[PDB]
Structures are given as structure tokens and as C-alpha cells.
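In what follows, a single structure is set out as C-alpha cells and then discussed.
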Amino acid sequence: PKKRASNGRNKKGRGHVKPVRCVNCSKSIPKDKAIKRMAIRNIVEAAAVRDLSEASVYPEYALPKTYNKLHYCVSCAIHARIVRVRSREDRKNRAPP
Amino acid sequence: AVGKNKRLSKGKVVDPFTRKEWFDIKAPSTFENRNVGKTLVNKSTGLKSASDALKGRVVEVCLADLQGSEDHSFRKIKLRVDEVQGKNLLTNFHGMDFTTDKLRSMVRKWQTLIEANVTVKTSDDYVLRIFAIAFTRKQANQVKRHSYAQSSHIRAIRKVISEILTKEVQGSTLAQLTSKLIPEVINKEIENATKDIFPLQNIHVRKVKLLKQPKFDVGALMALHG
Amino acid sequence: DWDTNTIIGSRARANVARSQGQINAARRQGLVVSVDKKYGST
Amino acid sequence: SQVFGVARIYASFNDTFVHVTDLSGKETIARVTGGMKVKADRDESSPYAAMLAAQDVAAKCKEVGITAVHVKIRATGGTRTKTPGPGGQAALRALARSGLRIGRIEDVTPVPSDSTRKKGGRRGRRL
Amino acid sequence: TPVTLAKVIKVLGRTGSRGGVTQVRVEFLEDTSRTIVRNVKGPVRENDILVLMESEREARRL
Amino acid sequence: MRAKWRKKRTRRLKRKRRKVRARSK
RNA sequence: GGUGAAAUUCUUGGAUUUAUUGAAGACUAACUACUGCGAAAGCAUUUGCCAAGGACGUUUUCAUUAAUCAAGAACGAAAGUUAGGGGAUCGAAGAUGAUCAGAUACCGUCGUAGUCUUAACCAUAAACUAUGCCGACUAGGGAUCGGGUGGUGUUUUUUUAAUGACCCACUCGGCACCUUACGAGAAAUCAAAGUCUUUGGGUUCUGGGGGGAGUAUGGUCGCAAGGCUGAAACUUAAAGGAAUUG
Ligand SMILES: [Mg+2]
Ligand SMILES: [Mg+2]
Ligand SMILES: [Mg+2]
Ligand SMILES: [Mg+2]
Ligand SMILES: [Mg+2]
Ligand SMILES: [Mg+2]
Ligand SMILES: [Mg+2]
Ligand SMILES: [Mg+2]
Ligand SMILES: [Mg+2]
Ligand SMILES: [Mg+2]
Ligand SMILES: [Mg+2]
Ligand SMILES: [Mg+2]
Ligand SMILES: [Mg+2]
Ligand SMILES: [Mg+2]
């Protein structure tokens with residue numbers, strides 16, 4: 001039967017979506033079906049901040065960040081400890097934790 | 001993986017740093033700091049002419065280092081060597097850029113990105129490509145959560161920005177443009193001329209790149225140093 | 001988050017610089033917070 | 001008082017490159033990668049091989065005259081993985097202990113305006 | 001032959017598939033108040049003192 | 001069999017029968 | 001370099017890496033969303049030109065010109081065909097390294113046709129909302145897109161105007177969504193899959209157990225690949241849908 005109302009995706013009035021490639025396996029997945037995430041970390045790992053503070057030439061230096069947007073396919077997201085599987089009543093829950 | 005090269009030579013030790021010696025970099029006078037850093041070349045032999053070896057180098061430096069203040073922390077500046085005189089080589093402006101973290105911090109969703117570029121030539125026949133960026137902003141008292149523009153506001157904003165950038169360039173030779181970009185005064189009348197259309201936050205304009213240059217005219221560069 | 005950030009550098013404690021070399025050092029980079037008159041008389 | 005170079009850490013998978021060039025970048029000092037410190041062919045991108053390589057770049061920078069350095073971290077970029085390898089934070093940490101001075105950390109990963117095509121086919125890397 | 005002594009201050013948990021390796025964080029006696037995370041083969045308790053051939057290590061779970 | 005590869009198999013069979021019949025005609 | 005691990009491959013003729021340029025072709029990131037436009041397939045850089053379109057507003061005009069439609073017509077992803085151009089990537093075939101009992105597969109490295117464009121074909125798709133179009137009525141809730149109306153509402157310009165951008169209320173049209181089931185259904189579920197044994201709003205197309213079979217044959221279109229139309233002999237008592245417990 002029909003598992004989902006939107007069937008996998010966010011295509012309502014769109015016809016075509018012009019897909020993207022998964023960051024883990026280069027699988028072509030439509031952009032509405034993708035499981036887009038944003039990974040925003042510091043330029044420096046948290047165990048090196050005090051290390052880098054005493055080695056910096058500057059009194060006040062703002063640590064920059066990496067802002068990288070990730071697109072996963074369904075197979076790679078479930079395998080990589082992401083959205084993997086929810087119960088039928090919890091499938092309809094659209095709110096992030 | 002040392003023991004992995006099957007062959008090191010298809011057909012079948014002198015340390016170069018003793019040969020190497022140091023120079024120093026001089027910023028133009030439209031910058032609060034002249035001392036940028038030091039470079040290495042080989043010894044000036046009679047057949048390789050070390051002055052020509054370091055003649056066309058491009059040095060990457062930050063504007064916060066050039067001005068001391070940390071407010072212009074992103075704002076990267078290209079400096080191009082042109083004229084060398086006894087371990088005291090001089091540099092001229094080659095371009096300006098943003099850091100990748102500052103650009104990606106600005107680009108957020110549920111707002112509209114507006115980009116404008118021009119290809120206007122200055123008074124010294126410098127041809128520059130100047131890029132601009134802006135973002136629509138959520139006004140105070142606003143309830144709804146995205147604040148998008150209406151694609152004719154964008155075309156009205158883009159026309160306003162492109163006419164401003166092409167106006168401030170003709171009238172500025174090069175040093176007036178560098179002394180206009182440093183105070184970030186260009187971002188001001190973009191905001192003033194676009195507040196009629198849309199709120200438009202975050203107008204730290206964008207990079208500017210050089211395209212073509214005229215002849216040398218070494219009196220101009222010694223006006224920047226001397 | 002997008003808005004949060006951290007600051008590293010020399011200012012991640014203020015102390016009296018007894019040595020004049022420390023005074024010459026501290027003025028050189030530029031970390032001097034105050035110069036106060038001594039409590040006692042000369 | 002400080003002589004400044006550019007660190008240029010290529011933090012990929014399968015390898016890690018550290019080499020300190022001049023401010024202009026034309027003259028290069030102390031290029032030792034991670035593959036020349038471990039004999040596995042598997043852990044050329046490990047944090048150990050990265051930090052052993054970053055200890056060598058600072059030894060050859062101190063004996064040349066470099067005291068400080070700017071850091072440009074880098075992933076593979078282009079159409080490829082675009083995230084830093086495991087050796088990026090190890091190499092950056094290792095040359096901070098060694099005596100070098102750090103300023104202006106930055107990423108220089110080549111990010112396209114969605115260039116040509118990823119490899120692997122439209123069905124992916126099937127493993 | 002440089003060796004470095006470190007004191008276990010907080011035990012993080014077990015690691016390894018068979019469970020034989022313990023994640024601990026340690027405090028160095030010399031160069032006080034800078035701490036890293038290591039792995040211990042044997043039974044490690046609070047106020048155990050470790051000696052390390054190298055101190056340039058972070059601990060990743062096995 | 002997959003219905004795609006039975007469709008492929010009969011398409012190849014029709015091509016053989018089309019060309020073994022053009023011998024006579 | 002690649003990988004779970006390696007190997008093929010490139011390297012002291014300087015590989016990988018750094019800098020400065022140049023050339024080529026493709027693509028149009030981040031913004032980018034239960035958002036927009038189009039009959040659908042589809043369409044995401046700027047600007048100029050060309051012609052079109054929907055919704056809204058209207059105390060403008062015509063006056064039943066309408067709805068669905070055999071025959072017939074236009075458009076129609078990708079792949080494929082023909083002829084020029086282009087040919088950077090990726091890559092049906094092919095070549096190689098690995099794994100394997102085998103591996104002419106998955107994985108690695110190369111790599112033709114193709115991928116792009118121009119002129120002409122093809123006429124398919126899980127071409128899907130697996131849900132024909134037009135019309136009416138039936139339960140609540142907020143959001144949002146386009147237009148309009150009102151409000152001494154907030155902000156900015158030139159404190160101040162008009163505007164613009166927001167705020168509140170209303171309205172027409174649109175992509176949808178949340179709750180419930182009066183109602184439907186075999187159930188999954190459904191504001192239509194409701195107003196259907198208390199069975200008639202109008203109209204088009206299609207199906208009649210499973211195979212054999214979308215096969216044979218004959219037409220017809222197509223350069224071809226193929227598309228459209230399309231049986232019978234024979235065989236069979238189950239195939240199949242949705243839920244339950246293991
Ligand atoms: Mg199923
Ligand atoms: Mg479709
Ligand atoms: Mg080279
Ligand atoms: Mg774009
Ligand atoms: Mg839109
Ligand atoms: Mg069909
Ligand atoms: Mg159908
Ligand atoms: Mg109806
Ligand atoms: Mg409205
Ligand atoms: Mg509405
Ligand atoms: Mg809509
Ligand atoms: Mg029947
Ligand atoms: Mg039948
Ligand atoms: Mg079933």
C-alpha cells in the first residue's frame with residue numbers, strides 16, 4: 001500500500017525537481033527527497049582551542065567556522081546513524097528533536 | 001610508504017636555503033601598515049636575474065593586518081609586486097576578496113540573496129569587476145518567518161546597485177577606490193538608496209578583481225611609496 | 001548555530017610587572033590595563 | 001619580529017599534506033606528507049602521520065628562519081568529498097606545540113558553482 | 001628516553017568490541033592542568049597514575 | 001524473471017524472427 | 001593516488017603539492033522552502049528584445065457564443081537514429097587490477113558511442129496524485145503565494161508627505177497541510193475515495209479468474225530501433241488486494 005502521503009519527498013505542483021548527488025556515494029537523488037543537513041563546526045577542534053589560544057599572535061582572534069551543507073540519499077542516511085527507521089505512528093511526526 | 005616506489009628514475013645534495021636570501025614587502029600608502037612580510041628568492045646570478053624572478057609575485061594578506069583593527073577581519077587584499085629596489089620590493093593593489101567563513105555566515109535561508117556585478121573602467125584605464133551582495137531582512141514587529149523579496153524588488157535593487165558601483169568607479173582612479181573600500185563607505189549609500197525598496201541587511205559588498213592594466217608609468221607607483 | 005562563535009588569543013590574569021623587562025615586554029605588544037599611583041608617600 | 005609563512009594543510013582522506021610556503025606562495029619550504037612517516041599504505045591520513053609530518057615542517061621552518069605561520073586548511077573539494085580528513089586537526093595542533101605561531105586560520109577548499117559531474121553514476125557507489 | 005606521568009581524574013567508560021579497553025581522561029603531574037584522553041588496557045581506577053611514551057594523543061573509540 | 005528482461009528477451013526474439021523471415025521474401 | 005585491504009597507474013626525465021597566467025566545454029551551487037509558473041513533459045546566473053498567460057479589480061462590452069468529446073491535430077523526459085559543429089567532465093561497449101570456487105558483477109583505474117548544440121526523426125516512462133473533465137452541496141484550524149479592501153496601527157524617507165516594508169481584520173483565486181469522521185471503504189485510508197440498495201447532475205475513456213500474450217498473423221506509421229491495432233489453439237483452481245499473530 002501507500003506508505004506515505006507525500007510518498008518520499010516534497011513534490012506538490014512541481015513536475016520535476018532537478019536532482020542532486022549524495023555526498024557519500026554520488027547517488028542521484030531528487031532535491032526534495034534529500035535529507036539535507038548543515039554541519040557547522042569550528043575551524044579548530046574543541047581540544048585545541050586552549051592550545052591555539054596560547055599559540056596565537058593576536059590578543060583577540062575570532063575563531064572561524066566551517067559551514068558545509070550535506071545531502072544524503074535514503075540508503076546512506078539510514079546506514080549512517082541518521083533518520084533510519086520510525087514506527088508507523090511516529091512516521092507522521094515532522095518535528096526535529 | 002617509503003618502500004613502495006618500484007623505480008625512482010625512468011632513465012636509470014646541495015641545500016638551497018644557504019643560496020636563498022630574504023627580501024621585504026611594502027604595501028601601498030593607502031594602507032596603515034607598510035611591513036607585510038618577507039619573501040625568499042635565490043641568489044642574483046648573472047644569467048637568471050633574481051629581480052625578474054620575484055617581479056610578478058602576488059601576496060595574500062588580510063586587511064586587518066594592514067589596518068591593525070580587527071573589524072576588517074574578513075576583507076582579503078591582493079598585492080602584486082611591481083618594482084624592486086635593494087631588498088625593499090614594492091607592491092600595488094591587485095584585488096580584494098572575502099573570507100569563506102564570512103561569506104557563508106551571511107548566506108542563511110529564509111531570506112533572499114541579491115548579487116550584482118559590474119565591469120566598469122576607472123580613470124587610469126583600470127578595468128575592474130566589482131561584485132555586490134545583499135540580503136533581505138526581517139523587520140522589527142514582523143510576525144512571519146521568511147521575509148522574501150518579490151523578484152521585481154530584486155530587479156529594482158540590482159539596477160540601483162549596479163548604477164551606484166559604476167558611478168563611484170568613474171571618478172575614482174585607483175587609490176580613491178581603495179580609500180573608499182577600506183572605510184566600507186560603499187555599503188552605506190547602497191543601503192540608503194535601497195531602503196525605499198526593501199530593508200536589505202548585510203551589504204558588505206563583495207570581492208573586486210582586476211581584469212586588465214595599462215602600461216607601467218613608474219611615477220605612479222613611487223607616488224604610492226615615496 | 002550560525003550566530004554563535006568563540007574567541008581565542010591572549011585573553012582566553014592581571015598582575016603587577018615587577019621586572020622592567022616585563023614592563024618593556026608588556027608595553028611592546030600592548031597589554032597594559034592601568035598605571036596607578038602608589039599608595040605610600042615617597 | 002615574527003617571520004610569517006602559510007601552512008597549507010591539505011587534509012584529504014588517504015593522505016595529508018603539510019607544507020609552509022612564503023607569503024607570496026611561490027617559494028616553498030618543508031613539504032612532508034603523511035605517507036612518508038607510516039608504513040601501512042592505509043593510515044596515510046591518520047592523525048599520527050599528520051602530527052609526525054607537522055612536527056617535521058616546524059623543525060625545517062625553525063632552522064630556516066620561519067617563526068610564525070598562517071594556516072589554510074583544505075579538503076579535496078571540487079566535485080569530491082569537500083569535508084576535511086582526519087589529519088587536519090592533528091596537523092594544525094601539532095605545529096602549535098612545536099613553537100610556531102598561528103594567525104588567520106582559514107579554509108581554502110575549492111567549492112564550485114556546481115561544476116561538471118560527480119563520478120559513480122546516477123545509481124551511486126554500490127557497496 | 002622521555003616518559004611522562006599522568007594521573008587519572010575521571011573514568012569515561014569502556015570501549016573496544018570485547019570491552020577490554022577503558023576510556024579515561026588523565027591529568028599530567030608535570031605541566032599541570034592540561035588534560036588529554038587516553039585508553040587503558042587493564043583495570044584502571046580513580047587516582048591511578050599512568051606513564052606514557054608519548055603524550056601527543058587523543059583517544060578515539062575502538 | 002524480471003518483466004523488463006522478459007520484455008528484452010522477446011524483443012530480441014522478434015528481431016530474429018523478422019530477419020529469418022526476410023530470407024524468403 | 002585510490003581502497004574494507006590492496007593492486008593496475010604516475011613519479012629523481014621532478015609525480016603529488018604551491019604560485020602566476022591562458023584555453024576549452026559543460027553546469028547554474030549556497031539562497032532553495034510540505035514555495036512559484038506551465039496543458040503535460042518541464043522550467044533556477046545578469047541584462048535587452050519578442051510575443052503570450054493566470055489570478056485580482058471593474059456600475060466596460062457581447063450575449064448563450066457552452067460542457068465532455070469517435071475521426072483528426074499540436075506538444076511530448078531520458079535513451080536511441082541521420083547530418084554538420086563541439087567534444088572539459090562523466091561514462092552503455094571495450095581494456096585492465098582486485099575479490100571470488102567462478103566474477104566477462106558489485107569495487108579500483110582508463111576508456112569509445114553518448115552526455116552539449118544546430119536541422120530533421122522517434123512518440124515512449126512507476127509519462128504517478130498509480131486518482132478523467134465540467135458543475136453543485138456537505139466539519140472545524142492556522143500558515144503561506146498572487147491581487148484587492150479597510151484600519152488615526154509600527155518603521156524609514158524630507159520628525160513629517162505619496163510610496164515601499166511590516167502589523168490586524170476581511171475577501172477572491174492557488175500549492176498544500178493539521179484534527180475529526182457526520183459519511184465512505186475489504187481495509188490501508190479518504191474533505192474526497194462524501195452527498196452511492198433511501199441506487200439517475202452532464203459527458204469521455206477503460207476492465208470482466210490466472211497463464212498462454214501484448215505472442216502469432218494481417219494492416220498502418222517509422223531510416224532503423226520500434227510504436228499503434230491485436231487473436232486463437234492449449235493449460236489452469238486458484239492467481240491477487242488489505243490487514244492480523246507468529
Ligand atoms: Mg513494502
Ligand atoms: Mg514526472
Ligand atoms: Mg612540481
Ligand atoms: Mg545561482
Ligand atoms: Mg519563488
Ligand atoms: Mg503507456
Ligand atoms: Mg496510467
Ligand atoms: Mg466536484
Ligand atoms: Mg491576501
Ligand atoms: Mg487563501
Ligand atoms: Mg500555488
Ligand atoms: Mg468475467
Ligand atoms: Mg483476462
Ligand atoms: Mg500483503
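Ordered as shown in the C-alpha cells, chains take letters A, B, and onward, while each chain numbers its residues from 1 and ligands are numbered from 1 in the order shown.
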Within 10 Å of chain C, which residues of chain A show up when using only C-alpha atoms, listed as a PyMOL selection string? chain A and resi 38-42+49-65+67
At a cut-off of 8 Å around ligand 3, and using only C-alpha atoms (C1' of nucleotides) and all ligand atoms, what residues come up? Please write them as a ChimeraX atom specification. /G:14-15,17
Please give me, as a list in words, the residues lying within 12 Å of ligand 9 when counting only C-alpha atoms (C1' of nucleotides) and all ligand atoms.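 Answer in the requested format: residues 55, 56, 144, 145, 146, 147, 148, 149, 169, 170, 171, 172, 173 and 174 of chain G.
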Tell me, as a list in words, which residues lie within 8 Å of residue 35 (chain A), counting only C-alpha atoms (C1' of nucleotides); anything in the same chain fewer than 3 positions away does not count.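 The filter keeps residues 71, 72, 73, 74 and 77 of chain A.
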Output file for the residues above (C-alpha atoms, as a PDB file, in the first residue's frame):
ATOM      1  CA  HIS A  71      22.844  15.923   1.009  1.00  0.00           C
ATOM      2  CA  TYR A  72      22.257  12.238   1.741  1.00  0.00           C
ATOM      3  CA  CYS A  73      20.323   9.610  -0.119  1.00  0.00           C
ATOM      4  CA  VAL A  74      17.873   7.342   1.675  1.00  0.00           C
ATOM      5  CA  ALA A  77      21.297   8.285   5.704  1.00  0.00           C
TER       6      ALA A  77
END
List all protein, DNA and RNA residues that have an atom no more than 12 Å from any atom of ligand 5, counting only C-alpha atoms (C1' of nucleotides) and all ligand atoms, and report them as an NGL selection string. (:B and (110-112 or 146-152 or 154)) or (:G and (31-33 or 35-37 or 44 or 145-146))
So which residues are near ligand 12, meaning at most 12 Å away with only C-alpha atoms (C1' of nucleotides) and all ligand atoms counted, given back as a PDB file with N, CA and C atoms (P, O5', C5', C4', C3', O3' and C1' of nucleotides), in the first residue's frame?
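Saved to result12.pdb:
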ATOM      1  P     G G 207     -10.485  -2.461 -22.120  1.00  0.00           P
ATOM      2  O5'   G G 207     -10.680  -3.033 -20.649  1.00  0.00           O
ATOM      3  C5'   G G 207      -9.579  -3.441 -19.852  1.00  0.00           C
ATOM      4  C4'   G G 207     -10.053  -4.015 -18.542  1.00  0.00           C
ATOM      5  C3'   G G 207     -10.939  -5.242 -18.656  1.00  0.00           C
ATOM      6  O3'   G G 207     -10.186  -6.434 -18.745  1.00  0.00           O
ATOM      7  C1'   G G 207     -11.913  -3.679 -17.165  1.00  0.00           C
ATOM      8  P     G G 208     -10.624  -7.596 -19.751  1.00  0.00           P
ATOM      9  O5'   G G 208     -11.529  -8.535 -18.853  1.00  0.00           O
ATOM     10  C5'   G G 208     -11.204  -8.730 -17.486  1.00  0.00           C
ATOM     11  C4'   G G 208     -12.360  -9.292 -16.708  1.00  0.00           C
ATOM     12  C3'   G G 208     -13.103 -10.434 -17.399  1.00  0.00           C
ATOM     13  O3'   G G 208     -13.297 -11.508 -16.485  1.00  0.00           O
ATOM     14  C1'   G G 208     -14.626  -8.778 -16.672  1.00  0.00           C
ATOM     15  P     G G 209     -12.664 -12.941 -16.821  1.00  0.00           P
ATOM     16  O5'   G G 209     -12.103 -13.471 -15.432  1.00  0.00           O
ATOM     17  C5'   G G 209     -11.593 -12.579 -14.458  1.00  0.00           C
ATOM     18  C4'   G G 209     -10.777 -13.312 -13.429  1.00  0.00           C
ATOM     19  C3'   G G 209      -9.357 -13.661 -13.827  1.00  0.00           C
ATOM     20  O3'   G G 209      -8.448 -12.588 -13.704  1.00  0.00           O
ATOM     21  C1'   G G 209     -10.372 -15.565 -12.936  1.00  0.00           C
TER      22        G G 209
END
Within 8 Å of ligand 2, counting only C-alpha atoms (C1' of nucleotides) and all ligand atoms: which residues, as a PDB file with C-alpha atoms (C1' of nucleotides), in the first residue's frame?
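Resulting contents of selection.pdb:
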ATOM      1  CA  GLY A  15       6.527  18.205 -12.099  1.00  0.00           C
ATOM      2  CA  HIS A  16      10.318  17.904 -11.947  1.00  0.00           C
TER       3      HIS A  16
ATOM      4  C1'   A G  41       6.832  16.529 -20.429  1.00  0.00           C
ATOM      5  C1'   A G  77      11.748  13.334 -20.043  1.00  0.00           C
ATOM      6  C1'   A G 127       4.723   9.998 -18.621  1.00  0.00           C
ATOM      7  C1'   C G 128       2.182   8.670 -10.719  1.00  0.00           C
TER       8        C G 128
END
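The residue set within 10 Å of residue 124 (chain D), counting only C-alpha atoms (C1' of nucleotides) and dropping same-chain residues fewer than 2 places from it, reads residues 21, 22, 24, 25, 26, 27, 28, 29 and 73 of chain A; 118, 119, 120, 121, 122, 126 and 127 of chain D.
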Write out, as a CSV table (one decimal), in the first residue's frame, the residues just selected, with N, CA and C atoms.
chain,number,residue,atom,x,y,z
A,21,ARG,N,23.4,15.0,-5.9
A,21,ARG,CA,24.2,13.7,-5.7
A,21,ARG,C,24.5,13.6,-4.2
A,22,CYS,N,24.4,12.4,-3.7
A,22,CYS,CA,24.7,12.1,-2.3
A,22,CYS,C,26.2,12.3,-2.0
A,24,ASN,N,28.0,10.8,0.1
A,24,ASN,CA,28.7,9.6,0.5
A,24,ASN,C,28.9,8.6,-0.7
A,25,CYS,N,28.0,8.6,-1.7
A,25,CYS,CA,28.1,7.6,-2.8
A,25,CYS,C,27.8,8.2,-4.1
A,26,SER,N,27.5,9.5,-4.3
A,26,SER,CA,27.2,10.2,-5.5
A,26,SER,C,25.9,9.7,-6.2
A,27,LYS,N,25.0,9.1,-5.4
A,27,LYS,CA,23.8,8.6,-6.0
A,27,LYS,C,22.9,9.8,-6.3
A,28,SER,N,22.3,9.8,-7.5
A,28,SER,CA,21.4,10.9,-7.9
A,28,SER,C,20.1,10.8,-7.2
A,29,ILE,N,19.8,11.7,-6.3
A,29,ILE,CA,18.5,11.7,-5.6
A,29,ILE,C,17.9,13.1,-5.8
A,73,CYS,N,21.4,10.4,0.4
A,73,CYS,CA,20.3,9.6,-0.1
A,73,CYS,C,19.7,8.8,1.0
D,118,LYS,N,29.8,14.6,-10.7
D,118,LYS,CA,30.4,13.6,-9.8
D,118,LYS,C,30.6,12.3,-10.5
D,119,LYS,N,31.5,11.5,-10.0
D,119,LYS,CA,31.8,10.2,-10.6
D,119,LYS,C,31.1,9.1,-9.7
D,120,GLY,N,30.6,8.1,-10.3
D,120,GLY,CA,29.9,7.0,-9.6
D,120,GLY,C,28.6,6.6,-10.3
D,121,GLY,N,28.2,7.3,-11.3
D,121,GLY,CA,27.0,7.1,-12.0
D,121,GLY,C,25.8,7.6,-11.2
D,122,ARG,N,24.6,7.6,-11.8
D,122,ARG,CA,23.4,8.0,-11.2
D,122,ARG,C,22.9,7.0,-10.1
D,126,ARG,N,28.0,1.5,-5.4
D,126,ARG,CA,27.2,0.4,-4.8
D,126,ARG,C,28.1,-0.6,-4.1
D,127,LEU,N,28.1,-0.5,-2.7
D,127,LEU,CA,28.9,-1.4,-1.9
D,127,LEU,C,28.0,-1.9,-0.7
Polymer residues at most 12 Å from residue 43 (chain E), only C-alpha atoms (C1' of nucleotides), same-chain spacing of 2 or more positions, as a PyMOL selection string: chain E and resi 8+11+13-14+19-24+39-41+45-46+48+50
Just the residues within 12 Å of region 13-17 of chain F, please, counting only C-alpha atoms (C1' of nucleotides), with nothing from its chain fewer than 6 positions along; format it as a PDB file with C-alpha atoms (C1' of nucleotides), in the first residue's frame.
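What follows is the written file part28.pdb:
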ATOM      1  CA  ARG F   6      11.417 -10.797 -20.428  1.00  0.00           C
ATOM      2  CA  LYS F   7      10.465  -7.748 -22.495  1.00  0.00           C
ATOM      3  CA  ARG F  23      15.149 -14.626 -46.326  1.00  0.00           C
ATOM      4  CA  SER F  24      12.060 -15.963 -48.097  1.00  0.00           C
TER       5      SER F  24
ATOM      6  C1'   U G 215       2.712 -13.740 -28.524  1.00  0.00           C
ATOM      7  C1'   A G 216       1.248 -15.204 -33.778  1.00  0.00           C
ATOM      8  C1'   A G 225      15.235   0.581 -33.155  1.00  0.00           C
ATOM      9  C1'   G G 226      10.342   0.170 -32.734  1.00  0.00           C
TER      10        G G 226
END
